[PDB]
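Participant: Take a look at the following structure, please.
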Amino acid sequence: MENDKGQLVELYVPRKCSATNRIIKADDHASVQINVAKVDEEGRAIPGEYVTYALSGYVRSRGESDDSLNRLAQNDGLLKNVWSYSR
Amino acid sequence: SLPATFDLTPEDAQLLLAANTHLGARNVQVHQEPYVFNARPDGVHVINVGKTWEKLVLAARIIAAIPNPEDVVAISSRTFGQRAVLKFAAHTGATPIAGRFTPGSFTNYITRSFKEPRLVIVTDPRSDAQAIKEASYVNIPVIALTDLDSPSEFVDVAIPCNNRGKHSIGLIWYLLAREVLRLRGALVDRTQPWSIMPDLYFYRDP
Amino acid sequence: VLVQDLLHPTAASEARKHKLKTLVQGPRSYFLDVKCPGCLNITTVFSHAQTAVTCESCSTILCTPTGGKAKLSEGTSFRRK
Amino acid sequence: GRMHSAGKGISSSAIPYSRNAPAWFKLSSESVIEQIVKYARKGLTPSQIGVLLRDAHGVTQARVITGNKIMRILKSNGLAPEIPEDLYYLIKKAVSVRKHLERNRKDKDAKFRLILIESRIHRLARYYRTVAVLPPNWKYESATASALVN
Amino acid sequence: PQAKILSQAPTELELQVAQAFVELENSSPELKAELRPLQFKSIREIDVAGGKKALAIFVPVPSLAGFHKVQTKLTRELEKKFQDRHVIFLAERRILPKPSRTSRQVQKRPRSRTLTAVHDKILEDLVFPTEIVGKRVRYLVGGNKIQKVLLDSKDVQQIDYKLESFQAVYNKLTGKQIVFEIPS
Amino acid sequence: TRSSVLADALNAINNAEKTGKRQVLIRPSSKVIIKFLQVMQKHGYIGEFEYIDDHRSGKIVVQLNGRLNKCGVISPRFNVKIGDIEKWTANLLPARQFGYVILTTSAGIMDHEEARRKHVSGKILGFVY
C-alpha cells in the first residue's frame, strides 16, 4: 500500500502464517512465533542466530500444527524423515 | 539409516518364549495396526512378527527431538506398571507419573506436578488415555506402546507388545531406551552381555 | 492433512478404497486359463460368473455363480489369465 | 438415486481405461462377429449376449474386439428386434403384474406399483418416439400385449 | 523390383528404404511370405537433442494392421541397416478445419477426423509395443502446456532409449511439449 | 442432477480453500473450466494445476497459494452491454483498483480490464479475490 510518490502510507504490514499465507490480525494471544535451533559443527546450541517460521490462531485449533511443521525443519534443511508428501 | 549387529543375534527365539510378546488377543483384532504371521484353527492373532523394530526401539532418533533425556518419561497407572515406566524415570531422564499421571500435570496453566513437552510416549493407550489428547490440542508429539487394541488417531507411530497379565508391559520400555541411548549417551559401540534382570525389572510386592 | 500428493498416493491406499476412486477408475475382477482334470481345456472364465461354464464341450461342471466371485470344482488349476 | 424410491444406489462397471486389445487374449475380431449372429437366431437378447460372451470365450464388451456395439451389428444383419430390448422386459412386466392384480382387487401396494411401472413405460417410449426407432404414433395400450408375445 | 513397395512417384533418402525392404524379402524367406504387398507414402527426417537421428515413416493407412504384424521384428532389421537412426510408424490422417459461419455442407466432421483424435493416434503409434497404461496434463504459470504420458511396466527395453528422441518427433509434428513415466 | 457443472466444482475450491487446504481434487473436468483457471492463474491466484484423463468427462487437481479470498459463480448467465459492467463492479468487488469480475464474449473467457483493451462484451460467469 502506497501513495503517488513512494510514501508507504499505512500503520504496518501484517505478519501471515508460515504452511497457511493467511493473516495475523492484531489480538490473537492464540499466537506463536518460533525461535527452534541451528548445530554449529560440534552438542552446542548456536546463540543469537535461529529459526524463523509463525503460527496463526487458526490451526492450534485443529491438531494441524504438529503435522504442519513436521512439513517444514525437514522441509527447510535440518531434519530427516518422520515426514511424507505421499501419504 | 541401515548400518550392523542394530539388526537378531545368538539370543533375540530363547528369552521372550518364557516371558509371550508375539501373541495377540482373544476374539479382538483392532481397522485403529500393522503392529496381528497368519492368525490358528483352535482358540485365538501366531500380534506381524518382524515389524516392531519398525516404528518399541521414529521411536528412537525422533528424540535423538534428549539434550536432556527428565522431561524422556514413562506413562502409566497399573499394578504389574508402577515397576517399569517410576523406573524408566530412574536409570535415565524422567518425574515418574504412574499410580498419578497428574491430569494436566497437558491442558491449562493451573495445577501441581507441571506439562510443556515435544515427544512424550505412553502400557495401555482398557490406564493411560491422555497422551492421545492432553496432543490432539496444540503442539506435543506422542508415542501408543499399538497392540491389537489402540485408537491410532494422533499417537502418530506404532509400539506393539502384549498385556493380558504377567510381565511384558513391566519389561518392554527397557527397549525403547537401552536402544535410544546407543544413539548419544554413556554405556559402550557383536556382544559383551549387559550387567539386569529381565526375570530388578516383574513385581515389588504382589 | 494440510496437504498431499493426490497425484500418485500410496499403492496401500488404493487396494482397499472403492473400485469407482483410485482418481482413475479400474476394475477388481479379472480372468482363468482351466484344466477339468480330464481334458487339457483351456477355457477363459471370468471371476464373477453370473452361469456355470461348460468345459469346451466333456460336459464339466466348473464354477457356480454367487454374490460376486465363482465357487469353482475341486479339479481346476485356475491359473489367472 | 433410482427415479421412483428413497434409494441412492451406486454400482456399474469400471470400463477399464485400455481402448485397444486385452493382448492376453489373442483370438480374432471376425471370430466373435459369427459368434453373436451363431447366437442371436437361437433366441437372444443383446443384454444377455455379452454376459454369455464374457463368462465363456475370449471376451472383454464386444467393444475393443470390434469397432461396434453389439446391437449396430444385429442391425447389417437384421436380427435388430422389432423392439428396443430393455423395453420388451418392462412391457412384459406390465402383463406380468396386471394379471396378478386380477385374481386380488384388494391389493394396493400392488396397484400404484403398476402405475409407477403403466409411465417406466411412457417415458422410455417417448424417447424410442423422438429418435426414429419407433414408427411415429406407436402410444402404449394397456390391453394388447398377450398376442404381441404369446 | 523398388521408384515401387515407394506409393507416390518420387527421391533420395525412400529408394534406399523401398532397397532395404526389397532386401529382407530377398534375404529372409521367414520375413516375403507377409511383407510382399505392404505399400508407403514418403519419409521425413527430424532431429533429436543428443546428436542422434529420426527415421520418419508415413503410412498409407490400412496396414497400420501388416505393419503392426511385423514391426516388432522389422525395425530391429532396420536400426542396424541404418545409422544412429530411429526406425518409427505413423498414419497420414485426413485433421480438417472446423467449419467457421459464412462457411461451408460439406457432409461431416467425423469426430475421429479432428485435430485432438488425430493427436491421440499419433500417440498409440509413437510408442506401440508398450501400449498406453494412465494421460496427465501440466498447466504451468506461463501458459505451460505439457503432456505426462502414462507407461506400461512391461516391454520398455521394446525400445526405451529412443525416448531423449520421441519427445522431439512429437514436436516439429505439432509444436508441443512431451515426457514419460515408468510407474513401481 | 449436476444441474450445473462450472458451479458444483468452484464452490468446493471456496470450501477447501477456507480451511487452509494447500489443495484441490474436483470431478467433472469441460472446455470452460481448463479455460477459467488459465485466467485466474495469469493474475498471482493459483498454481500449476496436473488435467487428468479417464476417456471421461474426467477429473482436475489444483495445487494451492493461500492467497484465495473468494470465487463464486454468478448464475442465470445474464446479458451484458459494454457500458454496464460499471454497475457490477461495485455490487461485487470490495474495491475498484481491484480483483477481477469475470466474463464470456467471442475472443474470450476473459476479464473486464482486458475487455477495455478489446472493447467487447457478451454474457459473466465467475469473479475473483
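Chain identifiers are assigned as A, B, and so on, following the order in which chains appear in the C-alpha cells; residues are numbered from 1 within each chain, and ligands are numbered from 1 in order of appearance.
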Give as a list in words every residue of chain F that touches chain A within 7 Å, counting only C-alpha atoms.
Facilitator: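 Applying the cut-off to the listed atoms yields residues 20, 66 and 67 of chain F.
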Participant: Using only C-alpha atoms, select each residue of chain C with any atom at most 9 Å away from an atom of chain A, and give the selection as a VMD selection string.
Facilitator: chain C and resid 1 to 10 13
Participant: Within 12 Å of chain F, which residues of chain E show up? Give each one with its shortest atom-to-atom distance in Å (one decimal) and the two atoms involved, counting only C-alpha atoms, rows by chain then rising residue number, as CSV.
Facilitator:
residue,atom,partner,partner_atom,distance
E:117,CA,F:55,CA,11.6
E:120,CA,F:55,CA,11.2
E:133,CA,F:54,CA,11.0
E:134,CA,F:53,CA,7.7
E:135,CA,F:53,CA,5.4
E:136,CA,F:52,CA,4.7
E:137,CA,F:51,CA,4.7
E:138,CA,F:50,CA,4.7
E:139,CA,F:48,CA,5.1
E:140,CA,F:48,CA,4.3
E:141,CA,F:48,CA,6.1
E:142,CA,F:42,CA,7.8
E:143,CA,F:38,CA,7.3
E:144,CA,F:48,CA,8.4
E:145,CA,F:48,CA,10.0
E:146,CA,F:50,CA,9.2
E:147,CA,F:50,CA,9.4
E:148,CA,F:50,CA,8.5
E:149,CA,F:52,CA,10.4
E:150,CA,F:53,CA,10.3
Participant: Would you export the selected residues with N, CA, C and O atoms as a PDB file, in the first residue's frame, please?
Facilitator:
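Okay, part10.pdb is ready:
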ATOM      1  N   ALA E 117      -8.349 -36.077 -31.791  1.00  0.00           N
ATOM      2  CA  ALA E 117      -8.379 -37.512 -32.146  1.00  0.00           C
ATOM      3  C   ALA E 117      -7.021 -38.216 -32.133  1.00  0.00           C
ATOM      4  O   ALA E 117      -6.861 -39.316 -32.667  1.00  0.00           O
ATOM      5  N   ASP E 120      -4.203 -38.023 -30.593  1.00  0.00           N
ATOM      6  CA  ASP E 120      -4.278 -39.261 -29.807  1.00  0.00           C
ATOM      7  C   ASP E 120      -3.657 -40.447 -30.546  1.00  0.00           C
ATOM      8  O   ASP E 120      -2.887 -41.202 -29.958  1.00  0.00           O
ATOM      9  N   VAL E 133      -0.085 -46.996 -19.817  1.00  0.00           N
ATOM     10  CA  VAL E 133      -1.230 -47.743 -19.307  1.00  0.00           C
ATOM     11  C   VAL E 133      -2.532 -46.989 -19.574  1.00  0.00           C
ATOM     12  O   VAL E 133      -2.516 -45.899 -20.143  1.00  0.00           O
ATOM     13  N   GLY E 134      -2.493 -44.492 -18.496  1.00  0.00           N
ATOM     14  CA  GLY E 134      -2.702 -43.614 -17.356  1.00  0.00           C
ATOM     15  C   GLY E 134      -2.476 -42.183 -17.784  1.00  0.00           C
ATOM     16  O   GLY E 134      -1.982 -41.945 -18.886  1.00  0.00           O
ATOM     17  N   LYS E 135      -3.943 -40.397 -19.366  1.00  0.00           N
ATOM     18  CA  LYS E 135      -2.901 -39.399 -19.572  1.00  0.00           C
ATOM     19  C   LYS E 135      -2.892 -38.429 -18.399  1.00  0.00           C
ATOM     20  O   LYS E 135      -3.661 -38.593 -17.440  1.00  0.00           O
ATOM     21  N   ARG E 136      -2.007 -37.436 -18.466  1.00  0.00           N
ATOM     22  CA  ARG E 136      -1.845 -36.466 -17.383  1.00  0.00           C
ATOM     23  C   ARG E 136      -1.411 -35.132 -17.992  1.00  0.00           C
ATOM     24  O   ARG E 136      -0.552 -35.108 -18.871  1.00  0.00           O
ATOM     25  N   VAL E 137      -2.018 -34.035 -17.543  1.00  0.00           N
ATOM     26  CA  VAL E 137      -1.666 -32.702 -18.035  1.00  0.00           C
ATOM     27  C   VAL E 137      -2.480 -31.634 -17.315  1.00  0.00           C
ATOM     28  O   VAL E 137      -2.575 -31.642 -16.095  1.00  0.00           O
ATOM     29  N   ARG E 138       0.506 -30.953 -18.005  1.00  0.00           N
ATOM     30  CA  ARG E 138       0.541 -30.000 -16.923  1.00  0.00           C
ATOM     31  C   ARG E 138       0.022 -28.661 -17.428  1.00  0.00           C
ATOM     32  O   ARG E 138      -0.170 -28.472 -18.631  1.00  0.00           O
ATOM     33  N   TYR E 139      -0.205 -27.736 -16.502  1.00  0.00           N
ATOM     34  CA  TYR E 139      -0.543 -26.362 -16.854  1.00  0.00           C
ATOM     35  C   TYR E 139       0.181 -25.400 -15.920  1.00  0.00           C
ATOM     36  O   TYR E 139      -0.266 -25.155 -14.800  1.00  0.00           O
ATOM     37  N   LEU E 140       1.301 -24.864 -16.399  1.00  0.00           N
ATOM     38  CA  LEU E 140       2.195 -24.047 -15.576  1.00  0.00           C
ATOM     39  C   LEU E 140       1.982 -22.555 -15.753  1.00  0.00           C
ATOM     40  O   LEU E 140       1.246 -22.112 -16.638  1.00  0.00           O
ATOM     41  N   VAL E 141       2.670 -21.790 -14.914  1.00  0.00           N
ATOM     42  CA  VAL E 141       2.438 -20.353 -14.789  1.00  0.00           C
ATOM     43  C   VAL E 141       2.907 -19.496 -15.978  1.00  0.00           C
ATOM     44  O   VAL E 141       2.980 -18.270 -15.867  1.00  0.00           O
ATOM     45  N   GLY E 142       3.219 -20.132 -17.105  1.00  0.00           N
ATOM     46  CA  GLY E 142       3.468 -19.419 -18.355  1.00  0.00           C
ATOM     47  C   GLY E 142       2.675 -19.988 -19.522  1.00  0.00           C
ATOM     48  O   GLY E 142       3.184 -20.054 -20.644  1.00  0.00           O
ATOM     49  N   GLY E 143       1.430 -20.388 -19.251  1.00  0.00           N
ATOM     50  CA  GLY E 143       0.533 -20.986 -20.250  1.00  0.00           C
ATOM     51  C   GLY E 143       1.040 -20.999 -21.682  1.00  0.00           C
ATOM     52  O   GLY E 143       1.632 -21.980 -22.136  1.00  0.00           O
ATOM     53  N   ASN E 144       2.575 -23.061 -18.761  1.00  0.00           N
ATOM     54  CA  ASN E 144       2.871 -24.067 -19.780  1.00  0.00           C
ATOM     55  C   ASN E 144       1.825 -24.803 -20.608  1.00  0.00           C
ATOM     56  O   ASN E 144       0.652 -24.439 -20.565  1.00  0.00           O
ATOM     57  N   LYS E 145       2.234 -25.840 -21.333  1.00  0.00           N
ATOM     58  CA  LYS E 145       1.342 -26.944 -21.692  1.00  0.00           C
ATOM     59  C   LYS E 145       2.211 -28.183 -21.860  1.00  0.00           C
ATOM     60  O   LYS E 145       3.068 -28.204 -22.738  1.00  0.00           O
ATOM     61  N   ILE E 146       2.012 -29.202 -21.021  1.00  0.00           N
ATOM     62  CA  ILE E 146       2.901 -30.374 -21.009  1.00  0.00           C
ATOM     63  C   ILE E 146       2.160 -31.696 -20.805  1.00  0.00           C
ATOM     64  O   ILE E 146       1.613 -31.945 -19.735  1.00  0.00           O
ATOM     65  N   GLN E 147       2.166 -32.548 -21.824  1.00  0.00           N
ATOM     66  CA  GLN E 147       1.723 -33.932 -21.669  1.00  0.00           C
ATOM     67  C   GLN E 147       2.947 -34.835 -21.537  1.00  0.00           C
ATOM     68  O   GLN E 147       3.963 -34.441 -20.960  1.00  0.00           O
ATOM     69  N   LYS E 148       1.426 -35.738 -18.921  1.00  0.00           N
ATOM     70  CA  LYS E 148       2.647 -36.500 -18.719  1.00  0.00           C
ATOM     71  C   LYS E 148       3.025 -37.757 -19.487  1.00  0.00           C
ATOM     72  O   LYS E 148       4.093 -38.345 -19.281  1.00  0.00           O
ATOM     73  N   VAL E 149       2.101 -38.167 -20.355  1.00  0.00           N
ATOM     74  CA  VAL E 149       2.023 -39.551 -20.823  1.00  0.00           C
ATOM     75  C   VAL E 149       2.238 -40.750 -19.878  1.00  0.00           C
ATOM     76  O   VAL E 149       3.359 -41.032 -19.442  1.00  0.00           O
ATOM     77  N   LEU E 150       1.141 -41.416 -19.545  1.00  0.00           N
ATOM     78  CA  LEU E 150       1.198 -42.723 -18.921  1.00  0.00           C
ATOM     79  C   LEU E 150       0.299 -43.645 -19.732  1.00  0.00           C
ATOM     80  O   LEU E 150       0.049 -44.784 -19.353  1.00  0.00           O
TER      81      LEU E 150
END
Participant: I'd like to know which residues of stretch 35-149 of chain D are alpha helix (DSSP H) (by DSSP, run on the backbone); could you write them as a VMD selection string?
Facilitator: chain D and resid 35 to 39 46 to 54 97 to 101 111 to 114 122 to 126
Participant: Any chance you could export the current selection's N, CA and C atoms as an mmCIF file, in the first residue's frame?
Facilitator:
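Done, and the output landed in result_30.cif:
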data_model
loop_
_atom_site.group_PDB
_atom_site.id
_atom_site.type_symbol
_atom_site.label_atom_id
_atom_site.label_comp_id
_atom_site.auth_asym_id
_atom_site.auth_seq_id
_atom_site.Cartn_x
_atom_site.Cartn_y
_atom_site.Cartn_z
ATOM 1 N N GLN D 35 -20.036 -65.477 -33.982
ATOM 2 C CA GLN D 35 -20.492 -65.952 -32.667
ATOM 3 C C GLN D 35 -21.824 -65.352 -32.249
ATOM 4 N N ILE D 36 -21.926 -64.036 -32.347
ATOM 5 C CA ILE D 36 -23.123 -63.333 -31.912
ATOM 6 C C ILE D 36 -24.284 -63.647 -32.840
ATOM 7 N N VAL D 37 -23.982 -63.748 -34.129
ATOM 8 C CA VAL D 37 -25.002 -63.717 -35.169
ATOM 9 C C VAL D 37 -25.727 -65.054 -35.284
ATOM 10 N N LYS D 38 -24.291 -66.982 -35.086
ATOM 11 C CA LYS D 38 -24.451 -68.133 -34.215
ATOM 12 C C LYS D 38 -25.559 -67.901 -33.168
ATOM 13 N N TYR D 39 -25.301 -67.085 -32.141
ATOM 14 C CA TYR D 39 -26.249 -66.944 -31.013
ATOM 15 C C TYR D 39 -27.599 -66.354 -31.425
ATOM 16 N N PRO D 46 -29.440 -58.854 -26.805
ATOM 17 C CA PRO D 46 -28.121 -58.222 -26.709
ATOM 18 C C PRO D 46 -27.573 -58.089 -25.285
ATOM 19 N N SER D 47 -28.434 -57.701 -24.346
ATOM 20 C CA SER D 47 -28.066 -57.627 -22.936
ATOM 21 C C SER D 47 -27.388 -58.911 -22.507
ATOM 22 N N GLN D 48 -28.058 -60.018 -22.788
ATOM 23 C CA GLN D 48 -27.569 -61.334 -22.419
ATOM 24 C C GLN D 48 -26.332 -61.740 -23.218
ATOM 25 N N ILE D 49 -26.346 -61.482 -24.524
ATOM 26 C CA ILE D 49 -25.218 -61.852 -25.387
ATOM 27 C C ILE D 49 -23.878 -61.624 -24.692
ATOM 28 N N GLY D 50 -23.660 -60.407 -24.206
ATOM 29 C CA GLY D 50 -22.385 -60.054 -23.607
ATOM 30 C C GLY D 50 -22.084 -60.933 -22.415
ATOM 31 N N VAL D 51 -23.050 -61.014 -21.503
ATOM 32 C CA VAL D 51 -22.936 -61.870 -20.329
ATOM 33 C C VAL D 51 -22.390 -63.215 -20.767
ATOM 34 N N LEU D 52 -23.106 -63.843 -21.691
ATOM 35 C CA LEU D 52 -22.739 -65.158 -22.181
ATOM 36 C C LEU D 52 -21.355 -65.130 -22.822
ATOM 37 N N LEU D 53 -21.083 -64.087 -23.603
ATOM 38 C CA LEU D 53 -19.766 -63.901 -24.218
ATOM 39 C C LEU D 53 -18.657 -63.732 -23.196
ATOM 40 N N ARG D 54 -18.961 -63.009 -22.128
ATOM 41 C CA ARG D 54 -17.967 -62.682 -21.133
ATOM 42 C C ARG D 54 -17.550 -63.911 -20.325
ATOM 43 N N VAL D 97 -47.646 -58.100 -14.194
ATOM 44 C CA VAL D 97 -48.255 -57.610 -12.952
ATOM 45 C C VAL D 97 -49.766 -57.577 -13.036
ATOM 46 N N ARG D 98 -50.278 -56.838 -14.015
ATOM 47 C CA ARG D 98 -51.714 -56.594 -14.126
ATOM 48 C C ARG D 98 -52.492 -57.874 -13.843
ATOM 49 N N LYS D 99 -52.141 -58.928 -14.565
ATOM 50 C CA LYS D 99 -52.668 -60.259 -14.326
ATOM 51 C C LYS D 99 -52.805 -60.571 -12.824
ATOM 52 N N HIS D 100 -51.728 -60.371 -12.057
ATOM 53 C CA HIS D 100 -51.713 -60.636 -10.592
ATOM 54 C C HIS D 100 -52.663 -59.750 -9.793
ATOM 55 N N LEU D 101 -52.824 -58.516 -10.246
ATOM 56 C CA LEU D 101 -53.798 -57.610 -9.662
ATOM 57 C C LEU D 101 -55.232 -58.168 -9.790
ATOM 58 N N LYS D 111 -51.424 -52.486 -6.696
ATOM 59 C CA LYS D 111 -51.937 -51.450 -7.582
ATOM 60 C C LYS D 111 -51.089 -50.533 -8.514
ATOM 61 N N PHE D 112 -50.809 -48.434 -7.874
ATOM 62 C CA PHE D 112 -49.546 -47.822 -7.517
ATOM 63 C C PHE D 112 -48.367 -48.423 -8.290
ATOM 64 N N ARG D 113 -47.797 -49.540 -7.820
ATOM 65 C CA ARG D 113 -46.584 -50.098 -8.443
ATOM 66 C C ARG D 113 -46.808 -50.255 -9.939
ATOM 67 N N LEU D 114 -47.960 -50.820 -10.280
ATOM 68 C CA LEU D 114 -48.422 -50.889 -11.653
ATOM 69 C C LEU D 114 -48.216 -49.554 -12.354
ATOM 70 N N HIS D 122 -44.255 -45.025 -20.585
ATOM 71 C CA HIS D 122 -44.442 -43.850 -21.441
ATOM 72 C C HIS D 122 -43.184 -43.015 -21.678
ATOM 73 N N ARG D 123 -42.379 -42.830 -20.638
ATOM 74 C CA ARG D 123 -41.171 -42.016 -20.742
ATOM 75 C C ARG D 123 -40.163 -42.655 -21.685
ATOM 76 N N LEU D 124 -39.889 -43.939 -21.470
ATOM 77 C CA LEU D 124 -38.934 -44.662 -22.304
ATOM 78 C C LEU D 124 -39.501 -44.831 -23.708
ATOM 79 N N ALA D 125 -40.823 -44.889 -23.800
ATOM 80 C CA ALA D 125 -41.498 -44.930 -25.086
ATOM 81 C C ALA D 125 -41.538 -43.562 -25.775
ATOM 82 N N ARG D 126 -41.353 -42.485 -25.016
ATOM 83 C CA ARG D 126 -41.302 -41.147 -25.603
ATOM 84 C C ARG D 126 -39.947 -40.890 -26.254
#
Participant: Counting only C-alpha atoms, what is within 12 Å of residue D:92, bar same-chain residues fewer than 2 positions away, as a ChimeraX atom specification?
Facilitator: /D:83,85-90,94-99,114,117-118,121,142-150
Participant: Write a file of the just-selected residues containing N, CA and C atoms, as a tab-separated table (two decimals), in the first residue's frame.
Facilitator:
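Result file selection_31.tsv:
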chain	number	residue	atom	x	y	z
D	83	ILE	N	-38.60	-54.64	-31.21
D	83	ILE	CA	-38.39	-53.80	-30.02
D	83	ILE	C	-36.97	-53.41	-29.55
D	85	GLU	N	-34.69	-53.71	-26.79
D	85	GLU	CA	-34.81	-54.84	-25.87
D	85	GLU	C	-35.23	-54.49	-24.44
D	86	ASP	N	-34.60	-53.49	-23.84
D	86	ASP	CA	-34.88	-53.15	-22.45
D	86	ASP	C	-36.38	-52.92	-22.25
D	87	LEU	N	-37.03	-52.38	-23.28
D	87	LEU	CA	-38.47	-52.13	-23.24
D	87	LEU	C	-39.23	-53.44	-23.10
D	88	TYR	N	-38.92	-54.41	-23.97
D	88	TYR	CA	-39.63	-55.70	-24.02
D	88	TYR	C	-39.54	-56.53	-22.72
D	89	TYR	N	-38.89	-55.99	-21.69
D	89	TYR	CA	-38.95	-56.57	-20.34
D	89	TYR	C	-39.83	-55.78	-19.37
D	90	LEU	N	-40.07	-54.51	-19.65
D	90	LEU	CA	-40.78	-53.63	-18.73
D	90	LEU	C	-42.24	-54.02	-18.57
D	94	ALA	N	-45.59	-55.43	-17.18
D	94	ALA	CA	-46.97	-54.99	-17.21
D	94	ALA	C	-47.94	-56.15	-17.11
D	95	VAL	N	-47.97	-56.97	-18.16
D	95	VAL	CA	-49.00	-58.00	-18.33
D	95	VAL	C	-49.24	-58.82	-17.06
D	96	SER	N	-46.62	-58.78	-16.66
D	96	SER	CA	-46.85	-59.86	-15.73
D	96	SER	C	-47.61	-59.41	-14.47
D	97	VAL	N	-47.65	-58.10	-14.19
D	97	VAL	CA	-48.25	-57.61	-12.95
D	97	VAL	C	-49.77	-57.58	-13.04
D	98	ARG	N	-50.28	-56.84	-14.01
D	98	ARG	CA	-51.71	-56.59	-14.13
D	98	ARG	C	-52.49	-57.87	-13.84
D	99	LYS	N	-52.14	-58.93	-14.57
D	99	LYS	CA	-52.67	-60.26	-14.33
D	99	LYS	C	-52.80	-60.57	-12.82
D	114	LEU	N	-47.96	-50.82	-10.28
D	114	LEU	CA	-48.42	-50.89	-11.65
D	114	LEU	C	-48.22	-49.55	-12.35
D	117	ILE	N	-44.84	-48.32	-12.66
D	117	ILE	CA	-44.40	-49.06	-13.84
D	117	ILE	C	-45.05	-48.56	-15.12
D	118	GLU	N	-48.09	-48.82	-15.53
D	118	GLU	CA	-48.00	-48.07	-16.79
D	118	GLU	C	-46.79	-47.24	-17.23
D	121	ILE	N	-43.84	-46.81	-18.45
D	121	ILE	CA	-43.19	-47.02	-19.73
D	121	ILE	C	-43.12	-45.72	-20.52
D	142	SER	N	-52.48	-50.50	-22.63
D	142	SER	CA	-52.63	-51.44	-21.51
D	142	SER	C	-52.19	-52.86	-21.85
D	143	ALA	N	-54.53	-52.99	-23.99
D	143	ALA	CA	-54.59	-54.30	-23.36
D	143	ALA	C	-53.91	-55.33	-24.26
D	144	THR	N	-53.03	-54.85	-25.13
D	144	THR	CA	-52.73	-55.55	-26.39
D	144	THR	C	-51.40	-56.32	-26.40
D	145	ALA	N	-51.02	-56.86	-25.23
D	145	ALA	CA	-49.68	-57.38	-25.04
D	145	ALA	C	-49.54	-58.90	-25.15
D	146	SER	N	-50.66	-59.63	-25.04
D	146	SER	CA	-50.64	-61.12	-24.92
D	146	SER	C	-50.55	-61.95	-26.22
D	147	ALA	N	-50.90	-61.34	-27.37
D	147	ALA	CA	-50.56	-61.91	-28.70
D	147	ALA	C	-49.41	-61.11	-29.37
D	148	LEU	N	-48.88	-60.09	-28.66
D	148	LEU	CA	-47.63	-59.36	-29.03
D	148	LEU	C	-46.37	-60.15	-28.63
D	149	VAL	N	-46.56	-61.13	-27.75
D	149	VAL	CA	-45.53	-62.12	-27.37
D	149	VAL	C	-46.02	-63.63	-27.35
D	150	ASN	N	-47.28	-63.94	-26.93
D	150	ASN	CA	-47.82	-65.35	-26.85
D	150	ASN	C	-49.36	-65.54	-27.02
Participant: When you look at residue E:167 with a cut-off of 7 Å (counting only C-alpha atoms), what residues show up, excluding the ones that are within fewer than 3 positions of it in the same chain? I need them as a list in words.
Facilitator: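 Result of the neighbour search: residues 163, 164, 170, 171, 178 and 179 of chain E.
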Participant: Keeping C-alpha atoms for every residue in the selection just given, could you write it to a file as a PDB file, in the first residue's frame?
Facilitator:
ATOM      1  CA  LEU E 163      12.562 -41.847 -25.549  1.00  0.00           C
ATOM      2  CA  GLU E 164      15.602 -38.166 -25.135  1.00  0.00           C
ATOM      3  CA  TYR E 170       6.118 -35.212 -31.336  1.00  0.00           C
ATOM      4  CA  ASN E 171       7.180 -31.537 -31.653  1.00  0.00           C
ATOM      5  CA  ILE E 178       6.250 -34.112 -24.454  1.00  0.00           C
ATOM      6  CA  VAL E 179       7.582 -36.532 -21.145  1.00  0.00           C
TER       7      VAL E 179
END
Participant: Need to verify the contact set: residue D:58, 10 Å, only C-alpha atoms, exclusion of same-chain residues closer than 5 positions in sequence. Can you return it as a PyMOL selection string?
Facilitator: (chain C and resi 31+43-46) or (chain D and resi 22+24-28+31-32+53+65)
Participant: Which distance in Å separates atom CA of residue F:23 and atom CA of residue F:109, to one decimal?
Facilitator: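 Atom-to-atom, atom CA of residue F:23 to atom CA of residue F:109, that is 23.7 Å.
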Participant: Determine the nearest neighbour of residue A:77 from the options A:51, A:33, A:46, A:8, counting only C-alpha atoms.
Facilitator: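 Nearest to residue A:77: A:51.
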Participant: Using only C-alpha atoms, I'd like every residue of chain D that has an atom within 12 Å of chain F; please write them out as a tab-separated table (two decimals) with N, CA and C atoms, in the first residue's frame.
Facilitator:
chain	number	residue	atom	x	y	z
D	1	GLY	N	-30.12	-41.66	-8.13
D	1	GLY	CA	-30.70	-42.36	-6.94
D	1	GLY	C	-32.06	-42.94	-7.26
D	3	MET	N	-35.15	-43.47	-9.82
D	3	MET	CA	-36.14	-42.41	-10.05
D	3	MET	C	-37.52	-42.57	-9.40
D	14	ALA	N	-16.28	-50.49	-14.21
D	14	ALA	CA	-15.11	-49.62	-14.18
D	14	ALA	C	-13.96	-50.17	-15.03
D	15	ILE	N	-15.70	-49.53	-17.03
D	15	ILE	CA	-14.88	-49.96	-18.15
D	15	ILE	C	-13.43	-49.55	-17.92
D	16	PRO	N	-12.46	-50.43	-18.24
D	16	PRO	CA	-11.09	-50.12	-17.90
D	16	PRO	C	-10.43	-49.22	-18.94
D	17	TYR	N	-10.26	-47.95	-18.58
D	17	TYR	CA	-9.41	-47.01	-19.30
D	17	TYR	C	-9.47	-47.16	-20.83
D	18	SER	N	-7.87	-49.26	-20.96
D	18	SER	CA	-7.37	-49.61	-22.28
D	18	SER	C	-8.51	-49.63	-23.31
D	19	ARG	N	-8.46	-48.71	-24.27
D	19	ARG	CA	-9.21	-48.89	-25.52
D	19	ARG	C	-8.98	-50.10	-26.44
